[PDB]
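First comes one chain, alone, set out as structure tokens in the form deposited without the partner chain.
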């Protein structure tokens, strides 16, 4: 969508009409390039039927800035806010095994298709 693309990258919401590749670029291995999503998620974004079970791990704005290591880098391409962190899965959730399966299905999935 033309209107979906107008938002800053970090505020975009991928959907079937404006998919993960369109919003966030092709998946790949490079440092600041996204590696998450199998072909179905890539094509569907938040319309993906199991998106809620993925989104339960995304941080709120408060937690993004509260949990992460934040930095600022000024480079020839511009000024970038860098972030790193980790979110613990709840080993006592009965759904833990399915959550690991679902996340692993999408991490680096792009390696198996063009």
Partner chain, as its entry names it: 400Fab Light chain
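Only residues modelled in both forms are compared. For the two forms, the rigid core is made up of the largest set of C-alpha atoms that agree within 1.5 Å on superposition. Numbering follows the first chain given and starts at 1.
Omitted from view is the form deposited with the partner chain bound, to which the following refers.
- Contact between residue 114 and the partner chain in the deposited bound form is not found at the 4.5 Å heavy atom cutoff.
- For residue 53, a non-hydrogen atom is located within 4.5 Å of the partner chain in the deposited bound form, even though that partner is not displayed.
- Contact between residue 40 and the partner chain in the deposited bound form is not found at the 4.5 Å heavy atom cutoff.
- In this stretch, 67-82, not one residue has a heavy atom within 4.5 Å of the partner chain in the deposited bound form; the partner itself is omitted from this view.
- Core aligned; the single run of 3 or more residues with all CA shifts at 2 Å or more between the shown form and the other one is 1-6.
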